[PDB]
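Each value in this text was obtained by applying a stated rule to the coordinates, not by laboratory testing. Quick reminder, even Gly has a Cβ in these numbers, built from the backbone with ideal geometry, and neighbours come from all protein chains shown.
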Amino acid sequence: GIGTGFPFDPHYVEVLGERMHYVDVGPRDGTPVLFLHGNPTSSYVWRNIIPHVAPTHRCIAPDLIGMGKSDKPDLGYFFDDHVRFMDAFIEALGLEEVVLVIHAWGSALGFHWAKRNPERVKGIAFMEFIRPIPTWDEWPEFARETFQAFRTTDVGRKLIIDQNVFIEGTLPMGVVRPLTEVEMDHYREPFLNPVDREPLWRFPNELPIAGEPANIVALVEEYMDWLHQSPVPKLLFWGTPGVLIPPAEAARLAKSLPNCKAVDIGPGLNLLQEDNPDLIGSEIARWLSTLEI
Ligand SMILES: CN(C)c1ccc2c(-c3cc(C(=O)NCCOCCOCCCCCO)ccc3C(=O)O)c3ccc(=[N+](C)C)cc-3oc2c1
Ligand SMILES: [Cl-]
């Protein structure tokens, strides 16, 4: 059965006046592997993937500011806030060159950091990642009216902040296999208090859909422009039917993006880590062995 525990010792670092929590396992020398989660998850989403990589490589998995075991400042939790705190996190750990393993909103953070710091990125493994969604027709039909309602300050905040729907409903609807009560309690833990749910609502309001917000659309277009030409080694995981990346898109990207290998994980929606963690971790471990790190 897929593991439900989170055995990792807590590590904390002060970042811009705030304490950020991170997993830090594996050997201390060599190039580290930095794991970035998205909405509404935490380093918990990497718990069954990291044990495949940690025998041979350092694994660092931070909880984004306002999420997981990290501190909860009184912020808007805009994408720009996450960019500021992640930039500062990476410098606080003194990381030099890295391999990135990134997912969904963590993929926007990772690709935006890689585009700005390409000399420091030796490879990117990614899955269910953020690209511009040009019209609402390109958002999955089964989740279209709900994400449209999320992108409002009235209904959207009622659902996500008052009623915790991103945790109770959107999260399980992002996994094909059923989540256990223990797993759901791990995802619920950072957000038991409704006043702490601001990141859960601002994230879907930042998604680059139908041209808004224009500033995020532009930023995401920029790192996609880079990714289509950069020689950086790329490993793309995808599932069927997917959410942000449908199978036909994954197959086109595997051909268009330079130096990109694609791996079919089988059934999957958004949190591919919850549907086939052993294939994702074992393929990352094999792919790392082919990099000059
Ligand atoms: C308390 N209260 C008002 C509600 C309301 C609605 C529900 C809903 C629910 C959910 C939705 C809903 O979230 N759709 C969007 C799905 O997007 C999936 C793809 O993105 C993944 C993340 C991508 C991130 C990218 O960055 C719609 C409609 C409903 C409904 O029932 O009306 C629940 C659904 C499932 C459930 N259990 C335990 C399995 C329990 C549910 O419980 C509910 C409770
Ligand atoms: Cl989101």
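Here are a few things to note about the model shown:
- Flag for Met127 being out of contact with any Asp or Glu (no Cβ under 6 Å at 6 or more places or on another chain), away from ligand 1 (no atom under 11 Å from the Cβ) and in contact (Cβ under 8 Å) with a residue 60 or more places away in the chain: yes
- Qualifying residue in the stretch 174-181 (condition: more than 18 Å from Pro204 (Cα to Cα), of a type in the set (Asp, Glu), within 12 Å of ligand 1 (Cβ to nearest atom) and surrounded by fewer than 18 Cβ atoms within 10 Å (Cβ to Cβ)): yes
- Residues that are over 13 Å from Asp80 (Cβ atoms) and buried (at least 19 other Cβ atoms within 10 Å of the Cβ) within the stretch 206-216 comprise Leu207, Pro208, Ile209, listed in sequence order.
- Condition met for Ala250 (crowded, with 17+ Cβ neighbours inside 10 Å, away from ligand 2 (no atom under 16 Å from the Cβ), of a type in the set (A, V, I, L, M) and touching a residue at least 60 places away in the same chain (Cβ under 8 Å)): no
- Flag if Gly174 is within 15 Å of ligand 2 (Cβ to nearest atom), within 29 Å of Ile2 (Cα to Cα) and touching a strand residue (DSSP E or B) at 6+ places or on another chain (Cβ under 9 Å): yes
- Search result, residues across the stretch 21-46 that are more than 16 Å from ligand 2 (Cβ to nearest atom) and not in a loop (DSSP other than H, G, I, E, B): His21, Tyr22, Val23, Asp24, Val25, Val33, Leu34, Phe35, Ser43, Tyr44, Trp46
- Near pairs, Cβ below 7 angstrom, 6+ apart or cross-chain, from the stretch 166-177 (in contact (Cβ under 8 Å) with a residue 40 or more places away in the chain) to any residue that is of a type in the set (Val, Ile, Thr) and more than 6 Å from ligand 1 (Cβ to nearest atom): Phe166/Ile160
- For the stretch 218-252, a residue qualifies if it is of a type in the set (A, V, I, L, M), out of contact with any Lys or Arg (no Cβ under 9 Å at 6 or more places or on another chain) and closer than 14 Å to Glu138 by Cβ, and the qualifying residues are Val243, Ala248.
- Of all the listed residues (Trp201, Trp139), the sole one being within 12 Å of ligand 2 (Cβ to nearest atom), under 17 Å from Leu64 (Cβ atoms) and of a type outside the set (S, T, N, Q) is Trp201.
- Cβ-Cβ under 9 Å pairs, at least 6 apart or on other chains, the stretch 184-205 side without any contact (Cβ under 8 Å) to a residue 40 or more places away in the chain, far side of a type in the set (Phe, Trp, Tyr) and more than 12 Å from ligand 1 (Cβ to nearest atom): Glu189/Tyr44; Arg197/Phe191
- Of the residues making up the stretch 58-75, at least one is within 30 Å of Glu212 (Cβ to Cβ), free of Cβ contacts under 8 Å to residues at least 24 places away in the same chain, more than 16 Å from ligand 1 (Cβ to nearest atom) and surrounded by fewer than 22 Cβ atoms within 10 Å (Cβ to Cβ).
- Boolean, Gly242 is out of contact with any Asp or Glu (no Cβ under 6 Å at 6 or more places or on another chain), within 12 Å of ligand 1 (Cβ to nearest atom), on the phi < 0 side of the Ramachandran plot and not β-branched (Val, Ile, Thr): no
- One residue stands out in the stretch 143-169 among those that are of a type outside the set (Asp, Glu) and within 26 Å of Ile280 (Cα to Cα): the one that is farthest from ligand 1 (Cβ to nearest atom), namely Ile167.
- Criterion applied to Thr31, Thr4 was being hydroxyl-bearing (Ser, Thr, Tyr), surrounded by fewer than 24 Cβ atoms within 10 Å (Cβ to Cβ) and over 17 Å from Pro277 (Cα atoms), and the one residue passing it is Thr31.
- In this entry, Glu222 passes the filter for residues that are of a type in the set (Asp, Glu) and either over 22 Å from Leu75 (Cβ atoms) or away from ligand 2 (no atom under 16 Å from the Cβ) (or both).
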